[PDB]
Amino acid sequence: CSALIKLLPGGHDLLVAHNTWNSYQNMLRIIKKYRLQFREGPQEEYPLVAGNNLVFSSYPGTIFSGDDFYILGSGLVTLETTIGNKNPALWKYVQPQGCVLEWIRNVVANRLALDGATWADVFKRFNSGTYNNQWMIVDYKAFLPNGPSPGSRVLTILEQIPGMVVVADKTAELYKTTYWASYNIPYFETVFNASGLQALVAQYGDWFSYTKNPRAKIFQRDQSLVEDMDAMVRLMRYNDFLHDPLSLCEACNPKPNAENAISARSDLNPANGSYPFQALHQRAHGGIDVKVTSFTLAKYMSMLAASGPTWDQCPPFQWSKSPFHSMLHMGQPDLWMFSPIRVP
């Protein structure tokens, strides 16, 4: 998955977008609005939770996002991209007792939090070391359109690996750089190091680098071009791997690789291609959506959402016209050429 949190010029708006990378077989999609009346505690004297209203991109039978991307009635927007763990010595921190699975921790944090600090505080309890993500918590309550950096509370970054959760308020960095990009690589060097990413940088190079991987590089190059909602959609849909030098995989033959874009299209990689590691192969996997919100849109519990693999500069994905026609995809459109829609 890719995410981008973009401060518009003049702080005019704060756009938050996430693009799920997933197996194409997962493309039965539901955008869900829950309007609940849960209380913080087991007694009726307990206040209603902060996160009783929530809209999120989801899937059938999936009682959380999975993407993740949520707009909460507490004014928070929560999203993640997955970092995982490549250090086998951390797996001993994955235990059946004392570990609440990530999806529940996510739902619980979403429900109880009124701000980024408390979301991080709730979520990190009983860290399971599973679904190891970088979470971004945008608190739109701390966002003043046109206002200068408030110093804190707008952006909280949380990174989880087994046995370790690191949390920082990254508002200052957001306001300074004007963006926060996420692309499956931990930002915290302690998390990057503890999860064995240095060895993969050493073995494979920039692809595993926080700052030099293709998506980091494309975001560094192109993020400022996100000047509005459609420009955000466009960068989040971005794949022009045949022509973009940033999409070049030097250890690959051929060199253009459809994985190396904001919205991956692994399906477009040749099957007989030579690739240094599995991510870069031909796969029924890539970016399968974009969801975007803004200060005003979040306020109205609303998003721009586009479903399906990117077709801006790549041929539209079509199951029957793909190496993957035989894969089970019941209920799914054959051809994926859907435009963003306001939801709702």
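Numbering starts at 1 and runs along the sequence shown.
- prompt: So which stretch wins on mean C-alpha B-factor, 148 to 156 or 72 to 80?
  reply: Averaged over C-alpha atoms, the B-factors run higher in 148 to 156.
query: Which is higher on average in the deposited entry, the C-alpha temperature factors of 62 to 70 or of 291 to 299?
result: The stretch with the larger mean CA B-factor is 291 to 299.
message: Comparing recorded Cα B-factors across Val108, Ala199, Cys99, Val166, which one is largest?
response: That would be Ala199.
CA B-factor placement of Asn53, once the chain's modelled residues are sorted into thirds: Its C-alpha B-factor belongs to the middle third of this chain's values.
Chain-relative CA temperature factor third for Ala305: Ranked within chain, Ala305 CA B lands in the middle tercile.
- prompt: Once the chain's modelled residues are ordered by C-alpha B factor and cut into thirds, is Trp119 in the lowest, middle or highest one?
  reply: Lowest third - that is where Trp119 ends up once the chain's C-alpha B-factors are sorted.
task: Divide the modelled residues of the chain into thirds by Cα B-factor and specify which third, lowest, middle or highest, holds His12.
output: Within its chain, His12 is a middle-third residue by C-alpha B-factor, going by the deposited values.
- prompt: In terms of the chain's CA B-factor thirds, is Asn22 lowest, middle or highest?
  reply: For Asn22, whose C-alpha B-factor we compare with every modelled residue in the chain, the answer is the middle third.
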